[PDB]
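Asker: got a structure for you, letters missing:
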């Protein structure tokens, strides 16, 4: 998308729609703590099912 | 719990805002016809701010 | 006996994984609160990048 938008020129519609998806990096720190803390419950629930 | 999570979220938000602000300065005073500058405007949604 | 020995290895592996989790993997049990209770920042977090 980046390359071809540059090739034809103009304000790309697709880039404009998903602006946050392109310009912001995804951060794992906020998440993995809670995945590990959540683990004991997840396993228990799956076992019960 | 609680406050510490809020602090890490706030610091991440602050760092992203600052980096964007740095990128933003490189684009000042670019002349394209009648356009004279470009910016990436970053804001925080209310429903999440509260 | 084989079951229990493998269980011991699995417990060690989870404990090792868990130490590397969050927020910037460290002795997270108390260190996060200790980091904010003074006007300071965790060194390992400064060297995250």
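Answerer: Sure, I can see it. Numbering: from 1, shown residues only, chains lettered A, B, ... in the order given.

Asker: what packs against the biggest helix by length in chain A?
Answerer: Secondary structure of chain A read by DSSP state H shows that its longest helix is helix A:29-48. Packing contacts for helix A:29-48, counted by 3 or more C-beta pairs under 8 Å, 6 or more residues apart in numbering or on different chains; DSSP states H and E, involve helix B:3-25. In short, each C-beta sits where N, CA and C put it, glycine included.

Asker: who touches the longest helix of chain A?
Answerer: Contacting residues not belonging to helix A:29-48 are listed as B:5, B:8, B:9, B:12, C:17, C:18, C:21, C:22, C:23, C:24, C:28 [C-beta atoms under 8 Å, 6 or more residues apart in numbering or on different chains].

Asker: 6 Å instead, please
Answerer: The contact list for helix A:29-48, computed with C-beta atoms under 6 Å, 6 or more residues apart in numbering or on different chains, reads C:18, C:21, C:22, C:23.

Asker: that's a helix at the third one, yeah?
Answerer: Spelled out, that is residue C:22. No. Assessed by DSSP: H, G, I helix; E, B strand; the rest coil, residue C:22 does not belong to a helix; its assignment is coil.
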